[PDB]
Amino acid sequence: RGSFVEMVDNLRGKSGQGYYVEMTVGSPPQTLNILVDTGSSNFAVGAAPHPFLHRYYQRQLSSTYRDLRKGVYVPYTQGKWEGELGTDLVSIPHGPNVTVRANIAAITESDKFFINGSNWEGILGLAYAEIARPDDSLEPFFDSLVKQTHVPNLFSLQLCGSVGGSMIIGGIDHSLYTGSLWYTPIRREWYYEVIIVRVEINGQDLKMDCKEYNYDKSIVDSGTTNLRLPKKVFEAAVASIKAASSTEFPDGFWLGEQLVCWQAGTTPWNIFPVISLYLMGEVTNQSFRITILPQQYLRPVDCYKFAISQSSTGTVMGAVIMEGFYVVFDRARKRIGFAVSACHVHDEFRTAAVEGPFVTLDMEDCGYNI
Ligand SMILES: NCCc1ccc(O)cc1
């Protein structure tokens, strides 16, 4: 229940290119590296010899493959992916010792989806059916797993910022965090949606209507590199960070329009403030806060990209946030747990923190309605 030695360190990645897990599909098993994404709900894998791919799903070689005779098309601002739906037997070698029949989208055509030079060939959507394509009747992988086996309905992620981490399926491993876990309610089961109730730059409040911290929505997404903030919030966030760091920078840097560079080991972390997000707690009028460092929002590419950016889809707590914490996707109890990661990067002066309880009133007002 609190120990899963087989699953520790089962994630790999490259900075900026997400985290992937090894999976097998079909009989006999075809091994594939699969992007772990809590911000989507489709299990989709390369199914054709696209030049960027090390390997791909070869349906003809699998005796357990079943055609669903239906296509799916997933557009993005940039490009897209499109594929043919089927089901096959699925395992996770460094995961629970089970095999499940799952929906799989065999990707036959894509644009700006696969990355030139990456070691992954598909995507594992870990969120809920509501945002699955083409519709909510296509059961996501994790639902299928829970329905078909005795695996408990939760998973946890330790992302360590080349890069590594752990995906514990069906439980929590207490060696992956220190201190206590703090839980925030899943507002609605589609994305992993939560509510931010207060934001502090260097222990100083932004004094904004908290309804806008979640303008549209706030989600926990392992497929996004950045901490992403709603336009109005990003505007005020930058402004405060800008004035907090008036110790030493181009204008385009703050909009992600260019990079900023320093000499090896001369990176000024201390001229940058800590950032605290207060999340809604499990108890009426009770919240807690998570605190990340510039280590998190200044991502190396010594040249670094400012890892905070504006959005029209709301707040996104991506790898910037997640790399500081052990994160528990407690689906059975409709809540997300946060604790200090036993692997997060810090200095001798400041470390990542999860603290509570705090008294916060009108937290429901922070939740934006359709
Ligand atoms: N939710 C999609 C996450 C994603 C990001 C980048 C990429 O190339 C493919 C997928």
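Residue numbering for chain A follows Swiss-Prot, covering 57-217, 230-316, 318-370, 379-447 in order.
Determined via X-ray crystallography, 2.3 Å.
Even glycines carry a Cβ here, placed using N, Cα and C.
Note: Swiss-Prot links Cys216 through a disulfide bond to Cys420 (candidates: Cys420, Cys443). Swiss-Prot lists a disulfide bond between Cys443 and one candidate from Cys278, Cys330; that candidate is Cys278.
Record check of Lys126, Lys168, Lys203 in Swiss-Prot: the feature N6-acetyllysine is attached to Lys126. Between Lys70, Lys275, the residue that has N6-acetyllysine written against it in Swiss-Prot is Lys275. If you measure from the Cα atom of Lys126 (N6-acetyllysine) to that of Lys300 (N6-acetyllysine), you get 41 Å. DSSP gives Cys216 (disulfide bond) a strand state.
Among the recorded positions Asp93, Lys285, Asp289, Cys330, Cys420, residues whose Cβ is positioned under 6 Å from ligand 1 are identified as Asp93. The sparsest Cβ neighbourhood within 10 Å, among the listed glycosylation sites (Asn153, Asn172, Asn354), is found at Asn172.
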